[PDB]
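Scroll down for the structure; my scribbles are underneath it.
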Amino acid sequence: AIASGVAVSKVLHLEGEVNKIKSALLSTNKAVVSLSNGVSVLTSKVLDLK
Amino acid sequence: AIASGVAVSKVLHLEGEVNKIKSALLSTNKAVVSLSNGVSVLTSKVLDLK
Amino acid sequence: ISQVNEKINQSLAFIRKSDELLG
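Residue numbers (the deposited numbering), protein chains in the order written: chain K, 147 to 196; chain F, 147 to 196; chain I, 492 to 514.
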């Protein structure tokens, strides 16, 4: 699965960045979901005030 | 950090792709913080109207 | 209203985790 020396170690390091960047965007998504349930419930309230 | 011509450039380019996507998600995050500080102050006002 | 603010509280906590990974 390997043969050197066209970057052995450096290819695994970018494979690590992709798992942090892949998990990073998941938290970002989950924020946009909370902010989305919040704006959903605020809208609901702005209606009961009308 | 590379060895040619076994895709010297193509490993360096994707190594580049990861640096923009990392700054990219950083700007995306910065928006979700503003829209959230914004919805926070809008909420504050919808409360002062109630 | 107090619950709309917990949604913003927990969305802002999700960005600091995102940014805690960058990195």
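Don't be surprised by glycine CBs; every beta carbon is placed ideally from N, CA and C.
### Message
For a cutoff of 9 Å on Cβ pairs, would you count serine 155 of chain F as touching chain K?
### Response
No, because no Cβ of chain K sits closer than 9 Å to the Cβ of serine 155 of chain F.
### Message
Can you look up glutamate 511 of chain I in the DSSP assignment and give me helix, strand or coil?
### Response
In this structure, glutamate 511 of chain I counts as coil in the three-state DSSP scheme.
### Query
Taking only beta-carbon atoms, is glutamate 163 of chain K less than 9 Å away from chain I?
Yes, because at least one Cβ of chain I sits closer than 9 Å to the Cβ of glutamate 163 of chain K.
### Query
First and last residue of the alpha helix (DSSP H) that includes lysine 191 of chain F?
Its alpha helix (DSSP H) spans residues 154-195.
### Query
Would you call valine 157 of chain K buried or exposed, if buried means 16 or more other Cβ atoms sit within 10 Å of its Cβ?
Looking at its Cβ environment, which holds fewer than 16 other Cβ atoms inside 10 Å, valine 157 of chain K is exposed.
### Message
Classify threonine 189 of chain F: buried if its beta carbon has 16 or more other beta carbons within 10 angstroms, exposed otherwise.
### Response
Around the C-beta of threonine 189 of chain F, 16 or more other C-beta atoms lie within 10 Å, and the residue is accordingly described as buried.
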